[PDB]
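Engineer: need a structure here:
(one chain, ligands or ions: 1)
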Amino acid sequence: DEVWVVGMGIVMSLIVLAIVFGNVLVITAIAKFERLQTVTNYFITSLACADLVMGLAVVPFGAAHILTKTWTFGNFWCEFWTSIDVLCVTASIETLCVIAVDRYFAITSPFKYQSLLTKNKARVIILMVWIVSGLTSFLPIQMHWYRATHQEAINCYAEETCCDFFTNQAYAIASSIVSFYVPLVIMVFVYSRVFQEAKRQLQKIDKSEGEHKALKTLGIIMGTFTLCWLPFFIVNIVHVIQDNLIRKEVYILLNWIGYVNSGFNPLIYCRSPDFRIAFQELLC
Ligand SMILES: CN[C@@H]1CCc2c(ccc(O)c2O)[C@H]1O
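Structural biologist: Numbering: from 1, shown residues only. Now the structure:
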């Protein structure tokens, strides 16, 4: 019906607009002002770059493919799109992992933070993260190593309209392990100790002078990442392990839920008063 196609297009355009506007302002504010060029603001720059690439490339063409129902572009041009999707998702999650580790290294070892993070080490860390993300998205896909053998997969591969995702078991497990689960475990172990230290400091202060803030901040941090990406990475292995228990539509919906996370990062991370002033003088 014409109601559905017009109605969904508005949402799929608002998502792109929100992502682009949110992720361009942070980059502009960091670049144009010498106050915010901190060693810990480069990771946010990399995260914003990944989110911007997602907004410019991943979302609009997927929306057009869904609305039109046929991939009018060539067969070559959409393997590039799939590789871009995987690369951007991996580089976005691993950047959050790196930010968490950097935050951990500053509280438990206050006397060594300035002498163990340096502007030279940040570049190396970012380059390693992006390289690791790049050797799990372009190399294994454009070499045609992930393709399945079942009849539907080949019958759809041999058509210039088909670009639906059919993946092998080993790739489906390895990609998920590299992208999500190891960063999830690392982030959990990192963020438990920060809460423990906050509790210790509060208890130490209370005795001498005589915590909703810690729970609220950690909830905002870890209830938007464990709720947006976890449901997808549980079915990403399930639909491969056991026959066809998972429908294609549920897979697609849980995938598009994960793209929305790219539009929330500036709100979660760029809330400091310095960022507020920087945004205020950029506009208005
Ligand atoms: C086209 N959508 C892709 C399909 C599979 C996949 C995604 C993201 C990270 C991964 O590690 C994946 O294996 C999704 O963004």
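
Engineer: what segments of the stretch 151-284 of the chain are helices?
Structural biologist: With helices called from DSSP state H, counting those that start in this stretch, the stretch 151-284 of the chain shows them at 151-157, 169-176, 182-209, 212-222, 230-241, 248-259, 265-269, 273-282.

Engineer: typo on my end, it should be the stretch 1-150 of the chain
Structural biologist: With DSSP H, counting those that start in this stretch as the criterion, the stretch 1-150 of the chain has helices at 2-32, 42-53, 59-68, 76-107, 119-134, 139-142.

Engineer: which among these is found nearest to the ligand?
Structural biologist: For the helices of the stretch 1-150 of the chain, the distance to the ligand is smallest for helix 76-107, at 4.0 Å, taking Cβ to the nearest ligand atom. Where C-beta positions appear, they are placed from N, C-alpha and C, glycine not excepted.

Engineer: mind listing what's buried along the closest one?
Structural biologist: The neighbour-count check on helix 76-107 (16 or more other Cβ atoms under 10 Å) flags 78, 81-102, 104 as buried.

Engineer: could you give the angle of that helix to helix 230-241?
Structural biologist: Following axes from the mean of the first three to the mean of the last three Cα atoms, to 10 degrees, one obtains 130 degrees for the angle between helix 76-107 and helix 230-241.

Engineer: just list what helix 76-107 packs against, helices and strands only.
Structural biologist: When contacts are defined as 3 or more Cβ pairs under 8 Å, 6 or more residues apart in numbering; DSSP states H and E, helix 76-107 packs onto helix 42-53, helix 119-134, helix 139-142, helix 182-209.

Engineer: residues from the stretch 51-200 of the chain in reach of the ligand?
Structural biologist: Neighbours of the ligand within the stretch 51-200 of the chain, by Cβ under 6 Å from any ligand atom: 82, 85-86, 89, 165, 175-176, 179.

Engineer: chain neighbours aside, what residue packs nearest to residue 71?
Structural biologist: residue 163 (4.4 Å; Cβ to Cβ, 6 or more residues apart in numbering).

Engineer: neighbours of the one you found, how many?
Structural biologist: Residue 163 has 21 neighbours, counted by other Cβ atoms under 10 Å.

Engineer: quick one: closest of the helices of the stretch 1-150 of the chain to residue 234.
Structural biologist: Closest approach to residue 234 among the helices of the stretch 1-150 of the chain is made by helix 76-107 (15.2 Å; Cβ to Cβ).

Engineer: from the chain's centre, how far out does the closest one sit?
Structural biologist: Averaging C-alpha positions (Cα atoms, centre = their mean, to the nearest Å) puts helix 76-107 6 Å from its chain's average.

Engineer: so how far is residue 74 from the spatially most central residue of the chain?
Structural biologist: Centroid-nearest residue in the chain, with Cα atoms, centre = their mean: residue 92, separated by 3.5 Å. For residue 92, the distance to residue 74 (Cβ to Cβ, to the nearest Å) stands at 27 Å.

Engineer: and residue 115, by the same measure?
Structural biologist: According to Cβ to Cβ, residue 115 stands 53 Å off from residue 74.

Engineer: now do the contacts for the residue located most distally from the centre of the chain.
Structural biologist: When each C-alpha in the chain is compared with the mean C-alpha position (Cα atoms, centre = their mean), residue 210 comes out farthest, at 43.8 Å. For residue 210, no contacting residues are found, by Cβ atoms under 8 Å, 6 or more residues apart in numbering.

Engineer: and the helices and strands packed on helix 76-107, which is most packed in?
Structural biologist: When the helices and strands packed on helix 76-107 are scored by mean count of other Cβ atoms under 10 Å, the highest mean neighbour count falls to helix 42-53 (a mean of 22).

Engineer: still on that earlier bit, what's the closest of the helices and strands packed on helix 76-107 to residue 216?
Structural biologist: Evaluated over the helices and strands packed on helix 76-107, closeness to residue 216 peaks at helix 182-209, with 11.7 Å, by Cβ to Cβ.
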